[PDB]
Ligand SMILES: CC(C)[C@@H](NC(=O)[C@H](CS)NC(=O)CCC[C@H](N)C(=O)O)C(=O)O
Ligand SMILES: [Fe+3]
């Protein structure tokens with residue numbers, strides 16, 4: 001009644017090295033995965049995900065309602081009009097099970113020119129008290145750059161897969177202006193589980209989050225070992241097996257745009273599971289002014305009749321639309 005999707009596990013370690021042929025074989029595997037279901041697992045990535053899960057758990061389980069209010073985004077706290085992206089996404093006992101904490105580029109400070117110019121989507125991160133959550137901010141900022149490094153290498157594999165020089169994407173993925181974000185999501189075990197937090201799909205499947213396309217260039221996701229994701233194919237939704245040692249990768253609607261849908265943004269949804277688990281996405285976003293000219297790999301000339309799309313305008317409209325369709329997280 002429900003089959004399983006083919007999600008290959010790609011050894012991405014050659015993307016850090018100098019062997020050019022080895023990197024082409026990795027690119028071929030990305031091309032194959034990106035043309036099939038759209039998902040693949042990155043293995044041999046060199047990020048310590050045990051420390052990731054541990055520190056994220058200690059933070060989620062030790063934060064108090066008082067601290068949540070102080071870190072809340074404007075959707076939950078009228079006083080924080082400047083917190084549209086970064087801050088805490090409170091759960092609602094009896095109505096909403098999920099909660100999360102989002103933070104952005106640690107370089108976004110009051111001295112940063114984008115912050116001074118008050119450019120949309122740019123915000124300064126808010127953190128809990130170092131005394132109540134010792135070492136959390138240091139760990140979170142370090143992880144941001146660890147996963148930034150992995151993302152930079154993956155984008156070289158995507159560039160080689162499409163026939164471009166390995167810096168075709170990475171040249172727009174810079175530490176000093178990237179709009180990428182880290183989200184630390186908790187899916188709690190609840191007994192009883194509130195029926196108001198469970199959505200019923202058209203095919204009857206119980207969901208925690210409805211179908212969607214990612215607002216990103218690529219999505220780099222770590223999850224605990226609890227099956228939950230489903231990818232849409234022509235023959236219905238397929239389960240994505242879980243793996244808590246690797247990173248699940250998939251393209252966003254910005255990749256689909258600039259490749260004229262050669263690399264589709266796979267539609268996927270989150271099944272409902274009453275289990276304590278973690279979902280830790282890192283959304284690979286470019287700079288607010290970053291523009292990549294669209295092209296079509298299918299065409300010998302690569303000519304495409306698609307308008308170039310500023311990543312700032314794409315992200316701004318994309319985040320809003322995702323809230324109107326699937327709701328406030
Ligand atoms: C599918 C998972 C990655 C995860 N879902 C998600 O993270 C969902 C769908 S990709 N993403 C969002 O709601 C957008 C968060 C963007 C963030 N606040 C920001 O300022 O950039 C889950 O487990 O719900
Ligand atoms: Fe998604």
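Derivation of every value follows stated rules applied to the coordinates shown; laboratory data play no part. Methodologically, a virtual Cβ is constructed for each residue, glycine included, from the backbone with ideal geometry; neighbour enumeration extends over all protein chains shown.
Brief remarks follow.
- Among the residues of the range 285-307, at least one is within 11 Å of ligand 1 (Cβ to nearest atom), on the phi < 0 side of the Ramachandran plot and surrounded by 15 or more Cβ atoms within 10 Å (Cβ to Cβ).
- Residue within the range 286-303 that is in contact (Cβ under 8 Å) with a residue 60 or more places away in the chain, within 26 Å of residue 229 (Cα to Cα) and within 16 Å of ligand 2 (Cβ to nearest atom) present: no
- Any hit, the range 257-270, residues being under 18 Å from residue 304 (Cβ atoms), within 11 Å of ligand 1 (Cβ to nearest atom), touching a residue at least 12 places away in the same chain (Cβ under 8 Å) and not in a strand (DSSP E or B): yes
- Yes/no for residue 125 being part of a loop (DSSP other than H, G, I, E, B) and touching a residue at least 12 places away in the same chain (Cβ under 8 Å): yes
- Selection within the range 226-239 - free of Cβ contacts under 8 Å to residues at least 40 places away in the same chain and closer than 30 Å to residue 178 by Cα: 232
- Filtered residue count, the range 217-245, keeping only those that are surrounded by 20 or more Cβ atoms within 10 Å (Cβ to Cβ) and touching a helix residue (DSSP H, G or I) at 6+ places or on another chain (Cβ under 9 Å): 4
- Selection status of residue 35, closer than 26 Å to residue 260 by Cα and surrounded by fewer than 14 Cβ atoms within 10 Å (Cβ to Cβ): yes
- Matching residues in the range 93-105 - criterion: being touching a helix residue (DSSP H, G or I) at 6+ places or on another chain (Cβ under 6 Å), buried (at least 16 other Cβ atoms within 10 Å of the Cβ) and assigned to a loop (DSSP other than H, G, I, E, B): 97
- For beta carbons closer than 7 Å, sequence separation of 6+ or different chains, a first residue in the range 318-329 that is closer than 19 Å to residue 180 by Cα and a second that is more than 12 Å from ligand 2 (Cβ to nearest atom), the qualifying pairs are 329/89; 329/98; 329/100.
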